[PDB]
Structure formats: structure tokens, C-alpha cells
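The chain that follows stands alone, in the form deposited in one PDB entry, written as C-alpha cells.
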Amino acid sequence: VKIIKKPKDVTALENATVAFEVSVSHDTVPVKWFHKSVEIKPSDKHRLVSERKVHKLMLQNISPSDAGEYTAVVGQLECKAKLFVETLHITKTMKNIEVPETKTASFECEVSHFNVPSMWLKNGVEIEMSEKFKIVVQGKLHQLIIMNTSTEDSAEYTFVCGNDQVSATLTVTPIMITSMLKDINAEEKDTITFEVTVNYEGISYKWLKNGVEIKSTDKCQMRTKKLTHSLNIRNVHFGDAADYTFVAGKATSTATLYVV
């Protein structure tokens, strides 16, 4: 009896199902399979199937323990093939971030394979995605986005990949109002400007008049150069006299406009 087809090497992922097959010239021929010098038996992991001239060994839910050389013995005839078992792992680490308050922070890591489930932890606890936490997957790149950061977002963040994991820390830096609002004594019809300076660029802020948020009309313009924020109020009259507040993250500053 002659071997017509020999088994081929197989590369597969952990937990995948794989097979090896030999085919022979004659129908009634018994076959044994060996791994690590031991004869393979039917089990929850091993299935042996014959169809006339074709003999198959099937392995379910493979583990790294299953990798290596398998041998098919047909009489005195013996042929070998190898299983390589690939495992999920992290291929690039994450960098610690420091981010100003209110700005967006992002962690990224790369994994070994496509179609890995995203799994992100904050101080050991699974993060449920929300308007705050955005999870993105781009092929083998996994990204965690944390929007509108606060000091409460400062923590250790972990990405889990199979049995592999990688951690990095986020540090959220508070906004500081370096140059505060000063009171303004103006005459009717004057154009005035409240100005503040902060320590970071591109932060979120709000202006308030007596506590109610202002929107920039032709009457109240809000401008922003580098770190300087301004509230310009044109053609000032008595209804413009009030308390004005600049709010940025947890940083606040109030002053008064007086109109003669």
C-alpha cells in the first residue's frame, strides 16, 4: 500500500479547529496517529475519521500544548506534519499621557491579530463605552478615547488581549486662570472688553451674565487668540451692567460691569 497524499503543516489560532489528513492507495488500511511519542486517542479534543482511502485527525480547541509534530503511521510507512499555534498578544505598548482638563485624551495599542475584542479597564474595572469613553478598532490598532477630561479621569488604564495586558496612566492637568477678570467702570455707549488668560490652549470655556450662559451676538462678541479669552460688549447701556463670569473646567472668575 502506498501513501497518495501526505499530511500538511498547519498554522492556526489558539482555540481553532484544525485537521491533518493522509490518503492511501488501498481502502482497508488502518492508521495510527502520534504526538509526543504517544498514540492519539479519540477525546473531547481529538477526533479520528476514515472515509475509504482517506484518514483524518481533527483537533478542536487547540492550545499551545497541542503544537508540534504529528505522525501518521500506516503499516511501516510513516509521515509527519507540524502544527504551529498562534496566540493573541500585544505588539506595541502604550505611552502615559498628560492632558489639560476638558481636552481629549487617547490611548492606543497594537495587537497581534485582526478581530480581537476590545477590552479596556480603568483601575482594574471594565470600562463601559459612553459619551465619555469612545472605543475604536482599526485593524490591529485599538484605541480608547476619553473626551472632556476631568481630574476624575486620572487613573491607570489597561488593555487586555487574550492573556496579555498592557497598562498606562492618564494625568489630567487643571486649567488655571492666570490673568483674572477685573471690574470695569464704563460710560453709556462705550465698548468694553473683559479679558482672561489661561494656562492651556484649545480648552472648553463658557461666559455667564449673572449666571446665565451668553451666546456671542453682535452685542456680545467672544474672541480667543492664544491663551487669551475676551468678552467684548458694544454700545453699552444700563441693561449691560451685571456680573460676568468666565468658566473653564473647574476654574472660574467673576467681575462686575458698571455703567454710568
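Heads up: residue numbers just count along the shown sequence, starting at 1. For the two forms, the rigid core is made up of the largest set of C-alpha atoms that agree within 1.5 Å on superposition.
Just so you know, the form deposited in another entry exists too; it's not on screen, but the next bit is about it.
Taking the core as reference between this form and the one not shown, the lone member of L121, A186, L83, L77 whose Cα moves by 2 Å or more is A186. Relative to the superposed core, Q60 shifts its CA atom by less than 2 Å between this form and the one not shown.
In the core-superposed comparison between this form and the one not shown, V49 has its Cα shifted by less than 2 Å. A19 is not among the residues whose C-alpha shifts by 2 Å or more between this form and the one not shown once the rigid core is aligned; its shift stays under 2 Å.
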